[PDB]
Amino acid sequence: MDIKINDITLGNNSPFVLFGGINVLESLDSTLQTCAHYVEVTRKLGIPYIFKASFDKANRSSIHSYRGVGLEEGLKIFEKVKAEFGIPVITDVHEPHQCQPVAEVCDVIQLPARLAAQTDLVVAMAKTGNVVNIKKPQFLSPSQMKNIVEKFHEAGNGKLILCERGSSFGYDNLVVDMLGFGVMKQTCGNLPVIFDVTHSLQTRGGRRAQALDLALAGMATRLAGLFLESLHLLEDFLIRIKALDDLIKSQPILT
């Protein structure tokens, strides 16, 4: 099942879409500068691009870490990003009441992994009618994602993306089960599956070289998109991902 996000087609058989940006919105000027860099590199390679940022991030590592500019200013910034670059945007929500006003502006709304069982939030997100990115908890098996999907369906929204972020592996560490992508596709109606490589590595060319190996591995399994918190470095990385993706997506799925 494909999802149209303005002029982008997101689907496990379509050219991969990059989801990237910055962690938390600080100002219009800094957001535009970072967005402009992603836009320039992705335009140069022809890769569809969706800008990601939080306006109020509720799960930072310290209680006094800046959570972002907040809803009202955050949405003004997203409006300007959309107007300037003509791209879709994605942000996370954690309060039911925030879902509607965010969905006026942001093309995709993201359900944080740890909140993915929270019924009130799921319902409020579903009822926006927007495209939703469901972050897969590290403690949920891929065959259980169908249960979250079911709750969105009961609440009237099928425009759902499944986002892999790794699985708990002993203490501290995460492993990405490359078989889980296929299990999600088979059990969840071939909804678009995207790969959050950055979180999948947080517990581990150094880190750059790891992120490349892990991203290539995941994309080899035929995915709708790649998701980062992460210059000539981005360009070189995307060149390699686009090469693999083009090869994979050009071949028919097996008989």
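One rule holds for the numbers: they count along the sequence shown, beginning at 1.
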Unresolved deposited residues in the interval that joins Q210 and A211
none
Missing from the model but present in the deposited sequence, between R204 and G205:
4 to 9
Which of the two stretches, 177 to 185 or 77 to 85, shows the higher mean Cα temperature factor in the record?
77 to 85
Mean C-alpha B-factor higher for 54 to 62, or for 194 to 202?
194 to 202
Max C-alpha B-factor within the set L214, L28, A220, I47 falls on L28
Highest CA temperature factor in the entry: which of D92, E164, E104, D172?
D172
Using the B-factors in the PDB entry, rank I241's C-alpha atom against the chain and give the third, lowest, middle or highest.
lowest
Grab the CA temperature factor for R114 from the record and place it in the lowest, middle or highest third of its chain.
middle
Of the three thirds of the chain ranked by Cα temperature factor, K146 occupies the highest
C35: which third of its chain by C-alpha temperature factor?
highest
Ranked C-alpha temperature factor of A224 among modelled chain residues, by third:
lowest
